[PDB]
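# Observations on the three-dimensional arrangement
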Number of protein chains: 2
Amino acid sequence: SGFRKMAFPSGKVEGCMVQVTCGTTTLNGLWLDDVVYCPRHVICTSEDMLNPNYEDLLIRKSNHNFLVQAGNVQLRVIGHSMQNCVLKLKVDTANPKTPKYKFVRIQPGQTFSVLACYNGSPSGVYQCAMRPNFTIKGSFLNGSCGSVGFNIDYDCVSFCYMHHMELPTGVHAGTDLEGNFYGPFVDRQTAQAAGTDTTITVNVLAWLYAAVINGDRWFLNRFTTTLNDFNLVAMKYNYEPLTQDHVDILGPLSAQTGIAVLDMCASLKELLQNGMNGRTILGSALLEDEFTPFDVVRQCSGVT
Amino acid sequence: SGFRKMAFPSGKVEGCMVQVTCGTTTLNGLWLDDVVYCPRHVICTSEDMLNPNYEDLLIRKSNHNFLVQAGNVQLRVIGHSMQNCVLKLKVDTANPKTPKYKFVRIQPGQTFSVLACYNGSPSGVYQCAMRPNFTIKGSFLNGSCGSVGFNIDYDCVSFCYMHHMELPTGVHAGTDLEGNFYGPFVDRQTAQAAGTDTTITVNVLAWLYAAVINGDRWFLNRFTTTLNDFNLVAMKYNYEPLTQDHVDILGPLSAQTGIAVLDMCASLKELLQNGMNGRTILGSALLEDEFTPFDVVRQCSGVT
């Protein structure tokens, strides 16, 4: 019993973190096979970041200007290329700790673990979600760029995020491992404001199922609703519209608990309209939206 | 910027988890040097757990009855002993991945990371605190016993917790790595009720400092207080008494922010008396007490 914000075990990713230095900039890289992946802004001065021309800045860089250190051992850079907003540094040594891996581009509402790193050294691991406005709410200090987000399926690491940017509002932006930003963000120190950070409805519903499984039941009510009726209320409260696809995804939790998805929507509707009245659900005073239905099933079933 | 509930990177501990089976019971063990540590209740049937005589049950067990598996490889058990509520299984192979380590017994209010495991396989990592009633609020399913709690200081793992028990109220009890339960709990399926789960005041104050550092400032008010005045209010709200030792520990965060500890106590006093009025602090609608002052300094400074 109990339900925690849980990250994947980080060891497989710890084995891939390296330090990348270009001139006076140090950040983190991800070493998979004989390629180190890092943010292309490693080549920028903070001055450069105001209006960088990355192709032009990169012309002034050679393989020997990219200093890659794995623990206390230097890696030899034998090639470099820019793919979107990441650099791929080809090294002469395959990472002996390379796990089975995939690069995946996640959808808003999907969760992942972040291994926050500084100077190629892991500092901590925490759980994030891709927000509906394609930001994440992370914990990243100067030096954390190139820290990665991932999911694990048994022994395969799916890398989904690399940290690039903090917005003036203190939320975070980054790329997939092909170097494409999530959302509209750019690797430039400019006016970038995030859109509405809506609540991930299907994740709240999943977490309410987790609450019922773990004995927190006070919020269950005598009501039901329809998707359209629920969505009128979701819209008013800046919740994401619930789709039949979301209802289908919640089916296993519905089955496990015997609470119909639309009954749980009616419980959520009352919580939105009535508030928590000073009560908590799984130790939270707000409706938690950074557990996916898959997360809830995984944690409630004990997948390794 | 940003402030997350962050666990230590788990890799060093992942390298120590093994499966222990005795008859029909499978749980987790911790393999350090040539010793595997596990809960002594591995030797119990669920029937046994109602009133176990561990010395008597252990007489019926031989080295060859303790099946220890590290990944898909069997370890040879060459001795076994009971120390308090843990078994120490001596194996013929030192764990080649043994990190630098210590066994520490933590105080209530101290935080640690848990690597939840099933069948010796890591499932997830999350951050816990030793509650003032010597329970923890974990996420543990059947098979999770022997999962461990730890802190890391650079490259040294301090193991502080091993999971043994779930109370009928769904909170968790366990031991240090000498096999001594935290608090009054026993490894028996009996009436064990937890005492008051008071709020860890010094940790709330630390987290309010973290909030100010990360730009959440709305709760700062024009007031101050005294330890005695604050403590009258703490007592009323089931907060732990704040001591001068706690004030001394918050000194570095006081210095960093320029907010005197007693001024922050007066902000906390108003939050207790007035509530949050539907506002949040670092994404929480309640006052978070599972960050120590050391955690806040570590996460705000980026220690690896």
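As recorded by the PDB entry, chain A carries the name 3C-like proteinase and is attributed to Severe acute respiratory syndrome coronavirus 2. Recorded in the entry header as its title is "PanDDA analysis group deposition of ground-state model of SARS-CoV-2 main protease screened against DSI poised (Enamine), Fraglites and Peplites (Newcastle university), Mini Frags (Astex), York 3D (York university), electrophile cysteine covalent (Weizman institute) fragment libraries".

Another aspect to go through is the nonpolar core. Soluble globular proteins tend to bury their nonpolar side chains together. Counting residues in hydrophobic clusters, the biggest one holds 40 residues, and the most contacted among them are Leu 30 and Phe 159 of chain A together with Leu 30 and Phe 159 of chain B. Those residues in contact with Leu 30 of chain B, other than ones at most four positions away along the chain, are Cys 16, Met 17, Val 18, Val 35, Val 36, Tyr 37, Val 148, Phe 159, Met 162 and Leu 177 of chain B.

The final tally for this structure, using the stated rule, is 18 aromatic pairs over all chains. On the numbers, 4.8 Å between centres and 55° between planes, the contact of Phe 3 of chain B with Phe 291 of chain B is tilted. Residue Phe 3 of chain B is located in the segment before α1 (11-14), and its partner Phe 291 of chain B is located in the loop between α7 (261-274) and α8 (293-301); the two are separated by 288 residues in the primary sequence. In terms of burial, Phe 3 of chain B and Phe 291 of chain B fall into one category: buried. Grouped by ring-pair contacts, the aromatic residues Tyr 37, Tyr 101, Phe 103 and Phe 159 of chain A constitute a single cluster. Over the aromatic face of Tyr 182 of chain A sits the side chain of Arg 105 of chain A, whose NZ or CZ is 4.5 Å from the ring centroid.

With the rule as written, the count across this model stands at zero disulfides over all chains. Note on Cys 44 of chain B: no disulfide assigned, nearest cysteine sulfur contributed by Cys 22 of chain B at a separation of 9.0 Å.

All names here are of chain B. The terminal C-alpha atoms of helix α3 (residues 201-213) lie 19 Å apart, and with 13 residues this matches the ideal 18 Å at 1.5 Å per residue to within 8%. The element α3 is largely enclosed, with a buried count of twelve among its 13 residues. Within the span of α3, buried status applies to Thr 201, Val 202, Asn 203, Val 204, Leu 205, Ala 206, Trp 207, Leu 208, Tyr 209, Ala 210, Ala 211 and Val 212. Buried residues along α3 sit in contact with β9 (111-118), α4 (227-236), α5 (244-249), α6 (251-257), α7 and α8. Where α3 terminates, the next one or two residues include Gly 215, which has phi positive at roughly 90°.

Note on sheets: strands pair through backbone hydrogen bonds, and any given pair is parallel or antiparallel. Residues and elements named next belong to chain B. The strand order across the open sheet formed by seven strands is β5-β4-β1-β2-β3-β7-β6, and the pairing between neighbours is antiparallel. A single partner strand is all that each edge strand has here, and the edge strands are β5 (73-75) and β6 (77-83). The average undirected angle you get between the axes of adjacent strands in this sheet is 30°. Of the pairings in the sheet, the one linking strand β1 (residues 17-22) to strand β2 (residues 25-32) comprises six bridges and is antiparallel in character. Across the sheet, the residue bridging to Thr 21 is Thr 26, located in β2.

So, on to the pairing of strand β11 (residues 148-153) of chain B. Residue and element names in this part refer to chain B. The buried fraction of β11 amounts to five of the six residues, a majority that puts the element mostly inside the structure. When β9 meets β11, the two strands line up antiparallel, connected through three bridges. Its bridge partner being in β11, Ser 113 is matched across the sheet by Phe 150. As paired strands, β11 and strand β12 (residues 156-166) are joined by six bridges and run antiparallel to one another. Paired with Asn 151 across the bridge in β12 is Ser 158. Between β11 and β12, which follow one another and run antiparallel, lie two residues, and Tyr 154 among them has a positive phi close to 60°.

Analysis parameters
Residues numbered from 1 in each chain as written, not as in the entry; some residues may be left out. Chains lettered and ligands numbered in written order. Heavy atoms only, no water. Core = buried A, V, L, I, M, F, W, Y, C linked by side-chain atoms within 4.5 Å. Buried < 20%, exposed > 50% of the residue type's maximum accessible area, 1.4 Å probe, protein only. Contact = heavy atoms within 4.5 Å. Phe/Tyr/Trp six-rings, centres within 6.5 Å; stacked < 30°, edge-to-face > 60°. Helix = DSSP H or I, 4+ residues; strand = E, 2+ residues; numbered from the N terminus. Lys NZ or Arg CZ within 6 Å of the ring centre and 35° of its normal. Disulfide = S-S within 2.5 Å. Expected span 1.5 Å × (residues − 1). Pairing = 2+ DSSP bridges. Axes fitted to C-alpha atoms, helices over the stretch in contact; angles between N-to-C directions.

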